[PDB]
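Structure first, commentary second.
Protein chains: 2
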Amino acid sequence: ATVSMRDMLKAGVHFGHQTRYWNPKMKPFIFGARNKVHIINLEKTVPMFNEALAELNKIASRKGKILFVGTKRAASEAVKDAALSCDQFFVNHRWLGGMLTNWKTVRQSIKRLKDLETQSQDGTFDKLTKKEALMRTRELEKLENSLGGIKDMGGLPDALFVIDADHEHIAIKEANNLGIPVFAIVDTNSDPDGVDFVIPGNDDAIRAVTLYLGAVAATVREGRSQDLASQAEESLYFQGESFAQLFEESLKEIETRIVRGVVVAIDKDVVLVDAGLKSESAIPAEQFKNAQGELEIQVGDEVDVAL
Amino acid sequence: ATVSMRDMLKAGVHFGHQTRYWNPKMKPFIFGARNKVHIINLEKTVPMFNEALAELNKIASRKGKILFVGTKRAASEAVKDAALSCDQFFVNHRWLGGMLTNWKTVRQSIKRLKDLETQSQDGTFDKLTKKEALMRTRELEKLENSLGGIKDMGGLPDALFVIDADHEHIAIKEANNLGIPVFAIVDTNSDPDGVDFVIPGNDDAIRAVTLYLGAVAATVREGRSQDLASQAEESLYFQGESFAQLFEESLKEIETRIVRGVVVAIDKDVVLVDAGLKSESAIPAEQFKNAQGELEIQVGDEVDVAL
Ligand SMILES: [Zn+2]
Ligand SMILES: [Zn+2]
């Protein structure tokens, strides 16, 4: 996975802040200045982004959970779009101190959110006074704005992808403390020190932000599915055996002896065994019950069967 | 997209029916017979499946809708799994004559399904007698079993993918009449004539059926997203220009003159214009209102702006 330099140039990825606003720590990523404005060196952005994408692909491929964080105007709606498009998670309105470091508390706040969700729907709020119903409605607003993108995360994320390292410094510091790797777009006015995988680039243009998140969402989908990887395993070696050769070889795989197999499905009075024939074999449960009339085997168990 | 011959052999794709059950029309796809059973020639299955996958990829890439059809025991639950995994549609319980050819009627039956959905939830059924409520409950059962996988299809499909051509002959004939292309697994006991893209193979093993649907769902996801295609466009040509060359070239793209731009977002009193700077420009709506105080422009419109 990569984005080309020409694509980044068109999106404005190389536009830094005015030089008077810079953080000197971004010097290695700066190409120069034109008209009192810093130009970001895409010669560095491209390999550093590829490096970031490769590791996010690896994390996603072990069922890793990715938290997209971006709450500034330019990032907010796109962060949600990206996260949804690859079945991950997000914070896009505002960060509450402790979302990560006090995660056991957040977990309870999530159940409280779901209870308030139910209450607002099943008429509980209508049986309250206006003053009370408003209290619960504002609480539900706070919880949904802040936790709505993570309510099904189910534990700490395995990585953070962040738009604007300075704007999101609180979250980045929590991740640091927990040893959660941080991938971030770092603009010329920002401190890169807390960022594990820095991506030098413009964090102020919707089109630039969209370019980054798109490449991220794609590589995360590829990590989960293994679509393109499993496919490009057919070119790694010779596969030109004839069917005839392969079929005759498979006939000699028969030794010796009645057959052996594996349960794949147990619906009452129907036990299903894959013994590698044309069809799986559906067996009456009775052959698999003990003296008390209970099922002895489980889906995935190994068994025997009579040809 | 492809499945290897070794993968098909392991899944049992080559196991045909007993020869006494064959349809002579399947002769070109048959390798031979062992123990009074027909062996399917995978030398033919592999290129014919690749051919089918390539055209399904093309159909999906123009936002085509794919209807997965499989109602026999071995196909039923996997057909649903596959369809869901690539955001398409399915029929997996039983085919009602006219689902395709009388589609304008099906459309009304879909709204009737949604109304019954609401009624069963909002307590309408509880206000009925038992005899009446049972009538509506059975109607809801019929509609959900048959239309549940297509209720958001929104029109005729652009292709059918079918498990077992003989078992699903009714649907295949409706598609024929409507000119909708049929992709189907055709076993040695079946008639291939109605099938546009026949895939000679075992249609009785869950593991074989799973192998086919998996490859289909992947190629459909790839058609929609263009993940792997857009990525493998970076290898088609030289991309070794230095950033310096590219940046200096982009500086000469400035001619002449105040700037020109494109609206991207209109939220009351905030009009957003992309003029290719570091940030999009947010302009007060007032500059864009006519004498009556109405908005003159729309999202996507072209405008002008003062630097
Ligand atoms: Zn910035
Ligand atoms: Zn069959």
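So the protein sequences, as listed, match chains A and A'. A prime marks a further copy of an entry chain. As numbered in the entry's author numbering, residues 2 to 258, 262 to 311 make up the first sequence, in order. As numbered in the entry's author numbering, residues 2 to 258, 262 to 311 make up the second sequence, in order. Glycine included, C-beta positions come from ideal geometry on N, C-alpha and C.
Residue closest to A:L299, alpha-carbon to alpha-carbon, out of A:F90, A:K282, A:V274, A:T72: Working through the first sequence from its first residue, we reach residue 299 of chain A at position 295. Taking only the C-alpha atoms, the option nearest A:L299 is A:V274.
Status (buried if at least 16 other CB within 10 Å, exposed otherwise) for A:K81: Position 80 of the first sequence, counting from 1, holds the residue named residue 81 of chain A. It is buried - the Cβ of A:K81 has at least 16 other Cβ atoms within 10 Å.
Limits of the beta strand (DSSP E) - the one that A:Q302 falls within: The residue given as residue 302 of chain A occupies position 298 in the first sequence. No beta strand (DSSP E) contains A:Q302, which DSSP labels as neither H nor E.
A:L114 vs A:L144 beta-carbon contact at 8 Å: Position 113 of the first sequence, counting from 1, holds the residue named residue 114 of chain A. Position 143 of the first sequence, counting from 1, holds the residue named residue 144 of chain A. Going by C-beta atoms, A:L114 is nearer than 8 Å to A:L144.
Within-8 Å CB hit, A':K253 to chain A: On the second sequence, position 252 is the one that residue 253 of chain A' refers to. No, A':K253 lies away from the interface with chain A (no Cβ there is under 8 Å from its Cβ).
A':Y238 burial status per 10 Å Cβ neighbour count (16 or more: buried): By 1-based counting over the second sequence, the position of residue 238 of chain A' is 237. Classification of A':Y238: exposed, given that the 10 Å Cβ count is below 16.
Near ligand 1: A:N93 beta-carbon under 7 Å from a heavy atom: What you label residue 93 of chain A is simply residue 92 of the first sequence in a count that begins at 1. No, since every heavy atom of ligand 1 falls outside the 7 Å radius drawn around the Cβ of A:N93.
Chain A contacts made by the region 269–294 of chain A', where a contact means CB separation under 9 Å: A269, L276, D278, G280, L281, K282, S283, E284, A286
Reference A:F16; option with closest CA among A':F248, A':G304, A':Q302: In the first sequence, the residue the question calls residue 16 of chain A occupies position 15. Among A':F248, A':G304, A':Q302, the Cα nearest to that of A:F16 belongs to A':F248.
Integer Cβ distance of A:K45 from A:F30, believed to fall under 8 Å: Position 44 of the first sequence, counted from the first residue, corresponds to residue 45 of chain A. Position 29 of the first sequence, counted from the first residue, corresponds to residue 30 of chain A. The Cβ separation is near 5 Å, so the contact holds.
CB contact check: A':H15 to chain A, cutoff 8 Å: If you number the second sequence from 1, residue 15 of chain A' lands on position 14. For A':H15, the answer is yes, since a Cβ of chain A falls inside 8 Å of its Cβ.
The region 157–167 of chain A' touching the region 55–65 of chain A', judged by at least three CB pairs closer than 8 Å: yes
Nearest residue (CA-CA) to A:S121, options A:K37, A:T138, A:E235, A:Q240: As a first step, residue 121 of chain A must be located in the first sequence, where it is residue number 120. Out of A:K37, A:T138, A:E235, A:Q240, A:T138 has the C-alpha closest to the C-alpha of A:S121.
A':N190 beta carbon near ligand 2 (any heavy atom closer than 7 Å): Sequence index remark: in the second sequence, residue 190 of chain A' carries index 189 (1-based). Checking the Cβ of A':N190 against ligand 2 gives yes.
DSSP three-state assignment for A':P288, whether helix, strand or coil: Taking the second sequence and counting its residues from 1, the one referred to as residue 288 of chain A' is at position 284. In this structure, A':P288 counts as coil in the three-state DSSP scheme.
Cβ-heavy atom distance, A':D228 to ligand 2, below 7 Å: Within the second sequence, numbered from 1, the residue matching residue 228 of chain A' stands at position 227. The answer is no for A':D228.
Interface flag, A:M49 vs chain A', CB-CB below 8 Å: Here the question's residue 49 of chain A lines up with position 48 in the first sequence. No, A:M49 does not count as interfacial toward chain A'.
3-residue-minimum beta strand (DSSP E) runs that sit fully inside the region 123–202 of chain A', ordered along the chain: 160–164, 183–187, 198–201
A':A310, buried or exposed, once every other Cβ within 10 Å from all chains shown has been counted against 16: The residue labelled residue 310 of chain A' in the question sits at position 306 within the second sequence. Exposed is the call here.
Minimum length 3: unbroken beta strand (DSSP E) runs contained in the region 195–252 of chain A': 198–201
Close Cβ partners of A':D204 (< 6 Å) along its chain, the five nearest in sequence each way excluded: Translated into the one-based positions of the second sequence, residue 204 of chain A' becomes position 203. Within the same chain, A':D204 has close Cβ partners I164, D165, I186, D188.
Listed by chain order, chain A residues near A':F239 by CB distance under 9 Å: As a position in the second sequence, residue 239 of chain A' is number 238, starting the count at 1. Per Cβ cutoff of 9 Å: no residues; A':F239 is ~12 Å from chain A at best.
Contacts that A:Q302 makes with chain A' (C-beta to C-beta distance below 9 Å): As a working note, residue 302 of chain A is residue 298 in the first sequence. Residues of chain A' passing the Cβ test: none, with the nearest at roughly 18 Å.
C-alpha gap between A:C87 and A:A75, whole angstroms: Here residue 87 of chain A is taken as the residue at index 86 of the first sequence, counted from 1. Here residue 75 of chain A is taken as the residue at index 74 of the first sequence, counted from 1. Going from the Cα of A:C87 to the Cα of A:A75 covers about 20 Å.
Contact set between the region 195–221 of chain A' and chain A, restricted to residues whose Cβ is under 8 Å from the partner: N203, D205, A206, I207, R208, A219
C-alpha distance - residue 261 of chain A' paired with A':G65, whole-angstrom precision: Within chain A', the sequence of modelled residues goes 258 then 262, so residue 261 of chain A' has no position in this structure.
Rounded C-alpha distance that separates A:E290 from A:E256: On the first sequence, residue 290 of chain A is found 286 positions in, with the first residue counted as 1. On the first sequence, residue 256 of chain A is found 255 positions in, with the first residue counted as 1. Rounded to whole angstroms, A:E290 to A:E256 spans 29 Å at the Cα level.
Closer than 8 Å to chain A' by CB, A:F126: Numbered from 1 along the first sequence, position 125 holds the residue referred to as residue 126 of chain A. False, the Cβ-Cβ gap to chain A' never drops below 8 Å.
C-beta contact flag for A:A286 and A:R264 at 8 Å: Along the first sequence, one-based indexing puts residue 286 of chain A at 282. Along the first sequence, one-based indexing puts residue 264 of chain A at 260. No, Cβ-Cβ distance for A:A286 and A:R264 is not below 8 Å.
Per-residue DSSP class, three states only, for A':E78: Your numbering for residue 78 of chain A' matches position 77 in the second sequence. In the structure shown, A':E78 sits in a helix (DSSP, three-state: H, G or I).
Residue-level contact to chain A via CB, A':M154, 8 Å cutoff: Numbered from 1 along the second sequence, position 153 holds the residue referred to as residue 154 of chain A'. So no, A':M154 is outside the interface.
Contact test: A:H15 Cβ vs ligand 2 heavy atom, cutoff 7 Å: Position 14 of the first sequence holds residue 15 of chain A. The answer is no for A:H15.
A:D305 beta carbon near ligand 2 (any heavy atom closer than 7 Å): As a working note, residue 305 of chain A is residue 301 in the first sequence. Because no heavy atom of ligand 2 lies under 7 Å away, the Cβ of A:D305 does not count as near it: no.
Proximal residues to A:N177 (C-beta, below 6 Å), its chain only, five neighbours per side dropped: Here residue 177 of chain A refers to the residue found at position 176 when the first sequence is read from its first residue. Cβ neighbours of A:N177 beyond the five flanking positions: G195.
Element boundaries [alpha helix (DSSP H), containing A:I67]: Here residue 67 of chain A corresponds to residue number 66 of the first sequence, with the count starting at 1. No alpha helix (DSSP H) holds A:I67; the beta strand (DSSP E) holding it covers 67–70.
Cutoff 8 Å: A':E44 Cβ touching any chain A Cβ: Translated into the one-based positions of the second sequence, residue 44 of chain A' becomes position 43. True, the Cβ-Cβ gap to chain A drops below 8 Å.
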